[PDB]
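Start at 1 and go down the list; that is how both ligands and their atoms are numbered. Letters A, B, ... are given to chains in the order of the sequence lines, protein chains preceding strands, and every chain is numbered from 1.
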Amino acid sequence: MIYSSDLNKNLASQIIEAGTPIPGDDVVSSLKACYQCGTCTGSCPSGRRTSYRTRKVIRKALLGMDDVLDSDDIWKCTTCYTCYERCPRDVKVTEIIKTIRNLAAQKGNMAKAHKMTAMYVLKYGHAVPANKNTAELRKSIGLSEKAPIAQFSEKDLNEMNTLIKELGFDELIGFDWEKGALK
Amino acid sequence: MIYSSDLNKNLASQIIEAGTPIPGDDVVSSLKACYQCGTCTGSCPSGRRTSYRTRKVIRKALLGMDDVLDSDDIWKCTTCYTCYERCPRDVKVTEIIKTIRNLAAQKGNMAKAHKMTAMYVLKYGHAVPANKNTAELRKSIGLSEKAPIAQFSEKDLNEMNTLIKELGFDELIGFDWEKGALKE
Ligand code: SF4
Ligand code: SF4
Ligand code: SF4
Ligand code: SF4
C-alpha cells in the first residue's frame with residue numbers, strides 16, 4: 001500500500017537540481033523522458049545476479065519514493081553505461097544513478113570502504129597510495145623510487161585540501177581535520 | 001533470471017483442461033483474455049495486507065511459472081468475486097484461481113486443516129459434524145436431538161463413499177479406507 005503521504009512530489013526535481021550544473025540540467029532531466037520499457041534492466045549485468053532493477057529506480061524517482069536513496073540497489077550499478085547506450089528515449093541513465101547516489105551520500109548513505117577511499121585521496125591524494133613495497137618494486141624495475149604524483153608533492157596535496165574544504169567534501173564524508181579520521 | 005527451461009509452456013492449457021468440463025472450457029479459457037491491467041489486484045482485499053497480487057497469478061499462469069501452484073499466495077484468495085465482477089476482459093478470475101488450486105491439490109499442496117475438513121464430509125458427511133454437546137443443545141432449544149441430515153443416515157453416507165471412490169477424491173486427499181486416516 002503506497003499512499004500520497006509516503007511520496008515526495010519533488011524527488012524528481014531534487015535529483016535534477018542535484019545534477020545541476022554538474023553534469024547539467026539537460027543531462028539529468030532526461031529521466032523525465034523514461035517510458036519504463038525495461039531495456040535498461042535487461043541490459044544490466046548486475047540485475048542478472050541480484051534483485052536490482054534499473055527501471056524501478058527511475059520509476060521510484062518519478063513516483064516520489066525517497067526510500068530509493070536508502071536502497072543498496074543503487075550502489076549495485078557498476079556504471080558500465082550499457083543502459084545509457086541502449087535506452088531508446090535518450091535517458092542518461094548512468095548519469096542519473098550517479099546523481100541519485102550524490103543525494104544518497106548527502107543523506108548519509110555511504111559505505112565505510114567508500115569513505116575510506118575518499119579519505120586516502122584527501123590525505124595522500126590517491127585512491128591506492130604507495131606502500132613500502134612500491135618503493136622497492138619501482139626501483140627493481142627501473143623507474144623512479146617515488147612516482148611524480150601529488151602523493152610526494154605537498155604543493156599539490158595542499159591545493160586539493162583547499163578545494164575540498166571549499167567544496168564541502170570533507171563535511172560530506174564527515175572528516176575531522178585535527179584528528180585526521182572520520183566521524 | 002527466468003530461463004525457458006524453468007517455464008512450462010502448457011501450464012495455461014493444463015489449467016484449462018483441469019477446468020473442463022467443470023466449471024467449463026469457456027469459463028477457464030477466459031484467463032487467456034487477461035491483459036494485465038491490474039484492476040483485479042486493486043480490488044483484492046487480501047492484497048491490501050499481503051504480498052498477494054491477483055494479476056501476477058494470471059501472469060505466472062500465462063508465462064508458465066509452475067511455482068504458482070506451490071505458492072501460499074493462491075490460498076489467500078477469499079473468493080469474494082470482486083475481481084471477477086470488475087475485470088474489463090471478462091476473465092472468470094475467481095473461477096480460475098479455484099481451478100489453479102485444484103491443480104495445486106493434485107501436486108500435494110493442501111493444508112492439513114483443509115484435508116481434515118474434507119475427511120469429515122467423507123466420514124460423517126459433514127464439514128462440522130454433531131458432537132455430544134450438539135444433541136444436548138438442540139434438545140434444550142426445541143429441535144430434534146439429531147437433525148435430518150446424512151450424518152445419521154447410513155444410506156446417504158454410503159452414497160457419498162461410492163461417488164468419492166469413483167471421483168478419486170479419496171486418492172487425492174490420500175485417505176486410507178481401512179485405517180480411516182490420511183497419509184503424509
Ligand atoms: S530504458 Fe530508458 S526508457 Fe526503457 S526504461 Fe530504462 S530508462 Fe525508461
Ligand atoms: S550502468 Fe549501472 S545500470 Fe546501466 S547497466 Fe551498467 S550497471 Fe546496470
Ligand atoms: S483484471 Fe481481468 S484483465 Fe485486468 S488484470 Fe486482473 S485479470 Fe488481467
Ligand atoms: S476473489 Fe480472490 S482475488 Fe479476486 S478479489 Fe476477491 S479475493 Fe482478491
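- For CG of B:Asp6, the number of neighbouring non-hydrogen atoms (other residues, nucleotides, ligands) closer than 6.0 Å is greater than 12.
- Using a 4.5 Å cut-off on side-chain heavy atoms (C-beta onward), B:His126 and B:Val121 make no contact.
- The nearest protein atom to atom 4 (Fe) of ligand 3, hydrogens excluded, is given as B:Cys37 SG, 2.3 Å; this is a heavy-atom distance.
- Short contacts between ligand 3 and B:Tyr35, defined as distances under 4.0 Å to a heavy atom of the residue, involve ligand atoms 3 (S), 8 (Fe).
- Applying the 4.0 Å criterion to heavy atoms of B:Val91 picks out, from ligand 3, the atoms 2 (Fe).
- In summary, A:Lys165 and A:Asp170 do not engage in a salt bridge, as defined by a charged side-chain N under 4.0 Å from a carboxylate O.
- Put simply, the side chain of B:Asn8 never gets that close to the backbone of B:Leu11: no donor and acceptor are under 3.5 Å apart.
- Although no hydrogens or angles enter the test, the distance criterion places a donor-acceptor pair under 3.5 Å between the side chain of B:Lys92 and the main chain of B:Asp90.
- Residue B:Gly38 has at least one heavy-atom neighbour below 4.0 Å for each of these atoms of ligand 3: 4 (Fe), 5 (S).
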Salt bridge (charged side-chain N to carboxylate O under 4.0 Å, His left out) assessment of B:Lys98 paired with B:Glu95: CA-CA 5 Å; B:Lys98 287 193 274 184; B:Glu95 296 298 340; 3.7 Å; yes
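- Closest protein heavy atom to atom 8 (Fe) of ligand 3: B:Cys34 SG, 2.2 Å.
- Between B:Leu122 and B:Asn161, the closest heavy-atom pair is O-OD1, 3.2 Å.
- Listed by atom number, the atoms of ligand 4 under 4.0 Å from B:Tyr81 heavy atoms are 1 (S), 6 (Fe).
- The number of protein N, O or S atoms lying under 2.8 Å from atom 8 (Fe) of ligand 4 is 1.
- Atom CG of A:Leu163 has more than 12 neighbouring heavy atoms from other residues, nucleotides or ligands inside a 6.0 Å radius.
- Protein heavy atom nearest atom 2 (Fe) of ligand 3, with residue, atom name and distance: B:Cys87 SG, 2.3 Å.
- Looking at B:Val93 against ligand 4, nothing comes within 4.0 Å, counting heavy atoms.
- Residues forming a ring-ring contact (aromatic ring centres under 6.0 Å, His included) with B:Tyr52 (at least two apart in sequence, or on another chain): none.
- No donor-acceptor pair closer than 3.5 Å links the side chain of A:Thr39 to the backbone N or O of A:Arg86.
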